[PDB]
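*Asks:* My structure is below; once you've seen it, I'll send some questions.
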Amino acid sequence: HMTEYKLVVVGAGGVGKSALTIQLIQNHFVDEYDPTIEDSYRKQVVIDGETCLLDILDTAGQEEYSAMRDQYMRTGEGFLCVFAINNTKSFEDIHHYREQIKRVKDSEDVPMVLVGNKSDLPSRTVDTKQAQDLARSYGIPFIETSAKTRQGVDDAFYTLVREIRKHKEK
Ligand SMILES: Nc1nc2c(ncn2[C@@H]2O[C@H](COP(=O)(O)OP(=O)(O)O)[C@@H](O)[C@H]2O)c(=O)[nH]1
Ligand SMILES: [Mg+2]
C-alpha cells in the first residue's frame, strides 16, 4: 500500500536544505528556520503510479553526529547534494559531501542528485555550465531549484526517487 524511500539532504550551512524540505512538505517558503534543527520528515506522494512514503532527513551542522544521522547515512537510499548558486564556497564544498557518501556506502554508484538552489536570486556566481560539468563527472543529474518560488523542488525529489529505482528494485 506504500513504498518507503529513505532520502538524505546534505550540503553546506545556509544553502536551503531546510527550506527545500519544508517547501516539499508544506508548500511554503520559510524565510528563517533554525540552522541547528536536524530532523526527519515524511510525505506521502504518488510518483509514476506508485504510492511512496518519503522519509527525509534534513541534516544540520557537524560535531557529534547523532545516532539518527549516522543511521540515515548508513541506511539512506538516496542523497540530495545541495549548493546555492550564489554561494561559490557551497559549490566547492560538494566534493566533501560526495566523498563522505562514497565512504559511508563504499561505492561510487549511490543514488544522488546535485541541486543548485536559490535560482530566484540575481547574485549568481555558479554558472549552469559549471554545475553541469560537476554532475557529468559524478554521473548524476543536476537540477536548479528555488525553495522560494518552488521552481524545481518537486523535480529534485522525484528525480532522486527515480534514481533510486534505477539502482535497486523497490
Ligand atoms: N531567495 C531564496 N532564499 C532562500 C532559498 N532557500 C533558502 N533561502 C534562504 O536561505 C537561508 C538558509 O536557508 P536554510 O533552509 O535555513 O538553510 P540550511 O542551513 O541549508 O538548512 C534562509 O534565510 C532562507 O530563507 C531560495 O531558494 N531562495
Ligand atoms: Mg537547516
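Residue numbering restarts at 1 for every chain of the C-alpha cells, chains are lettered A, B, ... in their displayed order, and ligands are numbered from 1 as they appear.
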Neighbours of region 96-109 of chain A within 8 Å (only C-alpha atoms; same-chain residues fewer than 2 positions away dropped), as a PyMOL selection string?
*Replies:* chain A and resi 10-11+73-74+81+93-94+111
*Asks:* Show which residues sit within 7 Å of residue 114 (chain A), as a list in words. Count only C-alpha atoms, and ignore same-chain residues fewer than 3 positions away.
*Replies:*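 Within the cut-off, the hits are residues 80, 81, 82, 135, 140, 141, 142 and 143 of chain A.
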*Asks:* Using only C-alpha atoms, please write the residues we just selected to a file, as a PDB file, in the first residue's frame.
*Replies:*
```pdb
ATOM      1  CA  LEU A  80      20.336  15.338  -2.445  1.00  0.00           C
ATOM      2  CA  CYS A  81      23.619  17.227  -2.531  1.00  0.00           C
ATOM      3  CA  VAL A  82      22.704  20.879  -2.270  1.00  0.00           C
ATOM      4  CA  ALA A 135      27.358  16.443 -12.266  1.00  0.00           C
ATOM      5  CA  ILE A 140      24.436  12.265 -11.703  1.00  0.00           C
ATOM      6  CA  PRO A 141      21.546  14.604 -12.653  1.00  0.00           C
ATOM      7  CA  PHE A 142      21.760  18.340 -11.972  1.00  0.00           C
ATOM      8  CA  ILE A 143      18.604  20.309 -11.184  1.00  0.00           C
TER       9      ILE A 143
END
```
*Asks:* Could you tell me, counting only C-alpha atoms and all ligand atoms, which protein and nucleic acid residues lie no more than 9 Å from ligand 2, written as a short mmCIF file (atom, residue, chain, number, x, y, z; two decimals) with N, CA and C atoms, in the first residue's frame?
*Replies:*
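Final file, out_22.cif:
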```
data_model
loop_
_atom_site.label_atom_id
_atom_site.label_comp_id
_atom_site.auth_asym_id
_atom_site.auth_seq_id
_atom_site.Cartn_x
_atom_site.Cartn_y
_atom_site.Cartn_z
N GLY A 13 26.07 24.69 5.31
CA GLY A 13 25.11 25.52 6.05
C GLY A 13 24.62 26.70 5.24
N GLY A 14 23.33 27.01 5.31
CA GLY A 14 22.79 28.15 4.64
C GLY A 14 22.42 28.00 3.17
N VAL A 15 22.49 26.79 2.61
CA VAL A 15 22.21 26.63 1.17
C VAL A 15 20.72 26.46 0.86
N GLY A 16 19.93 26.10 1.87
CA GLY A 16 18.49 25.92 1.74
C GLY A 16 18.01 24.47 1.86
N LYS A 17 18.77 23.64 2.56
CA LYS A 17 18.35 22.26 2.80
C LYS A 17 16.98 22.22 3.53
N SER A 18 16.87 22.98 4.61
CA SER A 18 15.61 23.06 5.34
C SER A 18 14.50 23.70 4.55
N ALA A 19 14.78 24.81 3.87
CA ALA A 19 13.78 25.42 3.02
C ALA A 19 13.28 24.52 1.93
N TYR A 33 14.59 29.65 9.31
CA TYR A 33 14.38 28.40 10.02
C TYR A 33 15.62 28.13 10.83
N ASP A 34 15.45 27.57 12.00
CA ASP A 34 16.58 27.34 12.88
C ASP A 34 17.70 26.56 12.15
N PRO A 35 18.91 27.15 12.02
CA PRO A 35 20.03 26.47 11.34
C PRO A 35 20.55 25.23 12.04
N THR A 36 20.14 24.99 13.28
CA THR A 36 20.62 23.83 14.04
C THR A 36 19.60 22.68 14.10
N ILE A 37 18.36 22.91 13.70
CA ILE A 37 17.36 21.84 13.73
C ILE A 37 17.66 20.78 12.67
N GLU A 38 18.01 19.59 13.16
CA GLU A 38 18.10 18.40 12.35
C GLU A 38 16.94 17.45 12.68
N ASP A 58 16.69 15.96 7.02
CA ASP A 58 17.25 17.28 6.73
C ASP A 58 18.40 17.49 7.69
N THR A 59 19.65 17.35 7.20
CA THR A 59 20.82 17.37 8.09
C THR A 59 21.15 18.80 8.52
N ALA A 60 21.78 18.97 9.69
CA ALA A 60 22.23 20.28 10.17
C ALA A 60 23.54 20.19 10.93
N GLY A 61 24.58 20.85 10.42
CA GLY A 61 25.82 21.09 11.17
C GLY A 61 26.80 19.93 11.17
#
```
*Asks:* I'd like the neighbourhood of region 152-161 of chain A as a ChimeraX atom specification, where a residue qualifies if any of its atoms comes within 7 Å (using only C-alpha atoms), though same-chain residues fewer than 6 positions away should be ignored.
*Replies:* /A:20,24,78,111-113,143-146
*Asks:* Mind checking DSSP for region 2-169 of chain A and telling me the helix (DSSP H, G or I) residues as a ChimeraX atom specification?
*Replies:* /A:17-26,67-75,88-105,128-138,153-167
*Asks:* What's around residue 148 (chain A) at 8 Å? Count only C-alpha atoms, leave out sequence neighbours fewer than 4 positions away in its own chain, and write the answer as a PDB file with N, CA and C atoms, in the first residue's frame.
*Replies:*
```
ATOM      1  N   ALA A  19      14.778  24.807   3.870  1.00  0.00           N
ATOM      2  CA  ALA A  19      13.778  25.422   3.025  1.00  0.00           C
ATOM      3  C   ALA A  19      13.279  24.515   1.931  1.00  0.00           C
ATOM      4  N   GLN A  23       9.501  23.263   1.760  1.00  0.00           N
ATOM      5  CA  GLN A  23       8.749  23.598   0.590  1.00  0.00           C
ATOM      6  C   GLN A  23       8.121  22.344  -0.021  1.00  0.00           C
ATOM      7  N   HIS A  28       5.248  25.995   1.346  1.00  0.00           N
ATOM      8  CA  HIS A  28       5.505  27.342   1.870  1.00  0.00           C
ATOM      9  C   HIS A  28       7.021  27.586   1.891  1.00  0.00           C
ATOM     10  N   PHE A  29       7.406  28.811   1.531  1.00  0.00           N
ATOM     11  CA  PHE A  29       8.781  29.269   1.691  1.00  0.00           C
ATOM     12  C   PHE A  29       8.998  29.818   3.088  1.00  0.00           C
ATOM     13  N   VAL A  30       9.875  29.188   3.866  1.00  0.00           N
ATOM     14  CA  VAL A  30      10.172  29.678   5.217  1.00  0.00           C
ATOM     15  C   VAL A  30      11.447  30.514   5.178  1.00  0.00           C
ATOM     16  N   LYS A 118      18.448  28.432  -4.629  1.00  0.00           N
ATOM     17  CA  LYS A 118      18.349  29.886  -4.754  1.00  0.00           C
ATOM     18  C   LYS A 118      18.380  30.425  -6.183  1.00  0.00           C
ATOM     19  N   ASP A 120      16.152  31.889  -7.796  1.00  0.00           N
ATOM     20  CA  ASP A 120      15.406  33.145  -7.919  1.00  0.00           C
ATOM     21  C   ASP A 120      16.295  34.359  -7.717  1.00  0.00           C
TER      22      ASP A 120
END
```
*Asks:* Using only C-alpha atoms and all ligand atoms, which of A:85, A:53, A:67, A:12 sits nearest ligand 1?
*Replies:*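 Smallest distance to ligand 1 is found for A:12.
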*Asks:* Run DSSP on the backbone and tell me which residues of chain A come out as strand (DSSP E); list them as a PDB file with N, CA and C atoms, in the first residue's frame.
*Replies:*
```
ATOM      1  N   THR A   3       5.268   2.360  -0.583  1.00  0.00           N
ATOM      2  CA  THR A   3       6.692   2.004  -0.646  1.00  0.00           C
ATOM      3  C   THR A   3       7.474   3.094   0.072  1.00  0.00           C
ATOM      4  N   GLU A   4       8.314   2.734   1.037  1.00  0.00           N
ATOM      5  CA  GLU A   4       9.159   3.741   1.728  1.00  0.00           C
ATOM      6  C   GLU A   4      10.430   4.009   0.933  1.00  0.00           C
ATOM      7  N   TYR A   5      10.829   5.282   0.876  1.00  0.00           N
ATOM      8  CA  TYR A   5      12.070   5.709   0.207  1.00  0.00           C
ATOM      9  C   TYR A   5      12.786   6.603   1.207  1.00  0.00           C
ATOM     10  N   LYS A   6      14.018   6.253   1.543  1.00  0.00           N
ATOM     11  CA  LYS A   6      14.735   6.966   2.586  1.00  0.00           C
ATOM     12  C   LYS A   6      15.734   7.915   1.919  1.00  0.00           C
ATOM     13  N   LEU A   7      15.522   9.208   2.106  1.00  0.00           N
ATOM     14  CA  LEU A   7      16.277  10.237   1.439  1.00  0.00           C
ATOM     15  C   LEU A   7      17.039  11.093   2.450  1.00  0.00           C
ATOM     16  N   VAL A   8      18.239  11.563   2.071  1.00  0.00           N
ATOM     17  CA  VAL A   8      19.033  12.404   2.960  1.00  0.00           C
ATOM     18  C   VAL A   8      19.425  13.675   2.202  1.00  0.00           C
ATOM     19  N   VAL A   9      19.248  14.814   2.860  1.00  0.00           N
ATOM     20  CA  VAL A   9      19.550  16.095   2.272  1.00  0.00           C
ATOM     21  C   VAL A   9      20.813  16.639   2.925  1.00  0.00           C
ATOM     22  N   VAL A  10      21.873  16.827   2.129  1.00  0.00           N
ATOM     23  CA  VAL A  10      23.172  17.260   2.653  1.00  0.00           C
ATOM     24  C   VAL A  10      23.687  18.468   1.891  1.00  0.00           C
ATOM     25  N   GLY A  11      24.712  19.108   2.447  1.00  0.00           N
ATOM     26  CA  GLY A  11      25.281  20.316   1.838  1.00  0.00           C
ATOM     27  C   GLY A  11      25.592  21.380   2.884  1.00  0.00           C
ATOM     28  N   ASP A  39      16.151  17.063  11.680  1.00  0.00           N
ATOM     29  CA  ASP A  39      15.052  16.129  11.919  1.00  0.00           C
ATOM     30  C   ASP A  39      14.619  15.442  10.642  1.00  0.00           C
ATOM     31  N   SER A  40      13.749  14.456  10.826  1.00  0.00           N
ATOM     32  CA  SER A  40      13.253  13.585   9.792  1.00  0.00           C
ATOM     33  C   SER A  40      11.814  14.017   9.480  1.00  0.00           C
ATOM     34  N   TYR A  41      11.422  13.966   8.216  1.00  0.00           N
ATOM     35  CA  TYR A  41      10.060  14.320   7.807  1.00  0.00           C
ATOM     36  C   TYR A  41       9.514  13.291   6.849  1.00  0.00           C
ATOM     37  N   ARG A  42       8.201  13.151   6.826  1.00  0.00           N
ATOM     38  CA  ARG A  42       7.554  12.166   5.977  1.00  0.00           C
ATOM     39  C   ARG A  42       6.531  12.833   5.088  1.00  0.00           C
ATOM     40  N   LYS A  43       6.402  12.302   3.866  1.00  0.00           N
ATOM     41  CA  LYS A  43       5.487  12.811   2.862  1.00  0.00           C
ATOM     42  C   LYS A  43       4.984  11.669   1.998  1.00  0.00           C
ATOM     43  N   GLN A  44       3.666  11.554   1.885  1.00  0.00           N
ATOM     44  CA  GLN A  44       3.049  10.567   1.025  1.00  0.00           C
ATOM     45  C   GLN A  44       2.754  11.203  -0.312  1.00  0.00           C
ATOM     46  N   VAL A  45       3.169  10.551  -1.390  1.00  0.00           N
ATOM     47  CA  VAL A  45       3.051  11.138  -2.728  1.00  0.00           C
ATOM     48  C   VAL A  45       3.075  10.018  -3.742  1.00  0.00           C
ATOM     49  N   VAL A  46       2.218  10.125  -4.762  1.00  0.00           N
ATOM     50  CA  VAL A  46       2.166   9.171  -5.863  1.00  0.00           C
ATOM     51  C   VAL A  46       3.171   9.608  -6.930  1.00  0.00           C
ATOM     52  N   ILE A  47       4.163   8.770  -7.176  1.00  0.00           N
ATOM     53  CA  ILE A  47       5.178   9.049  -8.191  1.00  0.00           C
ATOM     54  C   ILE A  47       5.171   7.927  -9.224  1.00  0.00           C
ATOM     55  N   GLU A  50       3.016   4.936  -8.309  1.00  0.00           N
ATOM     56  CA  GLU A  50       3.382   4.256  -7.081  1.00  0.00           C
ATOM     57  C   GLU A  50       3.171   5.175  -5.883  1.00  0.00           C
ATOM     58  N   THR A  51       2.489   4.672  -4.846  1.00  0.00           N
ATOM     59  CA  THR A  51       2.297   5.435  -3.616  1.00  0.00           C
ATOM     60  C   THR A  51       3.549   5.305  -2.796  1.00  0.00           C
ATOM     61  N   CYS A  52       4.260   6.428  -2.626  1.00  0.00           N
ATOM     62  CA  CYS A  52       5.536   6.479  -1.895  1.00  0.00           C
ATOM     63  C   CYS A  52       5.410   7.218  -0.581  1.00  0.00           C
ATOM     64  N   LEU A  53       6.093   6.723   0.445  1.00  0.00           N
ATOM     65  CA  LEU A  53       6.221   7.447   1.683  1.00  0.00           C
ATOM     66  C   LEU A  53       7.696   7.846   1.794  1.00  0.00           C
ATOM     67  N   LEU A  54       7.968   9.122   1.580  1.00  0.00           N
ATOM     68  CA  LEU A  54       9.322   9.649   1.635  1.00  0.00           C
ATOM     69  C   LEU A  54       9.694   9.865   3.081  1.00  0.00           C
ATOM     70  N   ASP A  55      10.836   9.319   3.485  1.00  0.00           N
ATOM     71  CA  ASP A  55      11.366   9.518   4.811  1.00  0.00           C
ATOM     72  C   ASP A  55      12.658  10.329   4.628  1.00  0.00           C
ATOM     73  N   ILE A  56      12.602  11.609   4.982  1.00  0.00           N
ATOM     74  CA  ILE A  56      13.631  12.596   4.562  1.00  0.00           C
ATOM     75  C   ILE A  56      14.359  13.143   5.772  1.00  0.00           C
ATOM     76  N   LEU A  57      15.677  12.952   5.843  1.00  0.00           N
ATOM     77  CA  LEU A  57      16.465  13.587   6.877  1.00  0.00           C
ATOM     78  C   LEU A  57      17.015  14.896   6.324  1.00  0.00           C
ATOM     79  N   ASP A  58      16.688  15.963   7.016  1.00  0.00           N
ATOM     80  CA  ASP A  58      17.246  17.281   6.728  1.00  0.00           C
ATOM     81  C   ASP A  58      18.404  17.492   7.688  1.00  0.00           C
ATOM     82  N   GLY A  78      19.043   7.412  -1.004  1.00  0.00           N
ATOM     83  CA  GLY A  78      19.408   8.459  -1.946  1.00  0.00           C
ATOM     84  C   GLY A  78      19.731   9.772  -1.264  1.00  0.00           C
ATOM     85  N   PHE A  79      20.554  10.572  -1.943  1.00  0.00           N
ATOM     86  CA  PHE A  79      21.062  11.799  -1.385  1.00  0.00           C
ATOM     87  C   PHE A  79      20.841  12.988  -2.286  1.00  0.00           C
ATOM     88  N   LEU A  80      20.343  14.081  -1.711  1.00  0.00           N
ATOM     89  CA  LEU A  80      20.336  15.338  -2.445  1.00  0.00           C
ATOM     90  C   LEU A  80      21.526  16.122  -1.963  1.00  0.00           C
ATOM     91  N   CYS A  81      22.426  16.474  -2.875  1.00  0.00           N
ATOM     92  CA  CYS A  81      23.619  17.227  -2.531  1.00  0.00           C
ATOM     93  C   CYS A  81      23.396  18.660  -2.985  1.00  0.00           C
ATOM     94  N   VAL A  82      23.185  19.546  -2.019  1.00  0.00           N
ATOM     95  CA  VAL A  82      22.704  20.879  -2.270  1.00  0.00           C
ATOM     96  C   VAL A  82      23.830  21.906  -2.153  1.00  0.00           C
ATOM     97  N   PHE A  83      23.908  22.783  -3.143  1.00  0.00           N
ATOM     98  CA  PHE A  83      24.649  24.024  -3.055  1.00  0.00           C
ATOM     99  C   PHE A  83      23.720  25.184  -3.435  1.00  0.00           C
ATOM    100  N   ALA A  84      24.134  26.413  -3.138  1.00  0.00           N
ATOM    101  CA  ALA A  84      23.379  27.586  -3.568  1.00  0.00           C
ATOM    102  C   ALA A  84      24.148  28.272  -4.710  1.00  0.00           C
ATOM    103  N   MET A 112      21.927   9.817  -6.247  1.00  0.00           N
ATOM    104  CA  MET A 112      22.300  11.172  -5.844  1.00  0.00           C
ATOM    105  C   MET A 112      21.832  12.146  -6.913  1.00  0.00           C
ATOM    106  N   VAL A 113      21.419  13.333  -6.485  1.00  0.00           N
ATOM    107  CA  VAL A 113      21.097  14.423  -7.374  1.00  0.00           C
ATOM    108  C   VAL A 113      21.841  15.654  -6.868  1.00  0.00           C
ATOM    109  N   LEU A 114      22.466  16.367  -7.793  1.00  0.00           N
ATOM    110  CA  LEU A 114      23.107  17.646  -7.467  1.00  0.00           C
ATOM    111  C   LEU A 114      22.066  18.775  -7.607  1.00  0.00           C
ATOM    112  N   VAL A 115      21.866  19.538  -6.530  1.00  0.00           N
ATOM    113  CA  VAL A 115      20.850  20.581  -6.522  1.00  0.00           C
ATOM    114  C   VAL A 115      21.525  21.946  -6.418  1.00  0.00           C
ATOM    115  N   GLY A 116      21.234  22.833  -7.362  1.00  0.00           N
ATOM    116  CA  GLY A 116      21.626  24.243  -7.270  1.00  0.00           C
ATOM    117  C   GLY A 116      20.442  25.124  -6.861  1.00  0.00           C
ATOM    118  N   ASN A 117      20.389  25.480  -5.589  1.00  0.00           N
ATOM    119  CA  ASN A 117      19.274  26.191  -5.004  1.00  0.00           C
ATOM    120  C   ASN A 117      19.504  27.706  -4.991  1.00  0.00           C
ATOM    121  N   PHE A 142      21.700  17.029 -12.594  1.00  0.00           N
ATOM    122  CA  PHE A 142      21.760  18.340 -11.972  1.00  0.00           C
ATOM    123  C   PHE A 142      20.416  19.043 -12.191  1.00  0.00           C
ATOM    124  N   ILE A 143      19.853  19.578 -11.120  1.00  0.00           N
ATOM    125  CA  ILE A 143      18.604  20.309 -11.184  1.00  0.00           C
ATOM    126  C   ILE A 143      18.749  21.622 -10.417  1.00  0.00           C
ATOM    127  N   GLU A 144      18.312  22.735 -10.995  1.00  0.00           N
ATOM    128  CA  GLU A 144      18.289  24.042 -10.297  1.00  0.00           C
ATOM    129  C   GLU A 144      16.951  24.261  -9.607  1.00  0.00           C
TER     130      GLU A 144
END
```
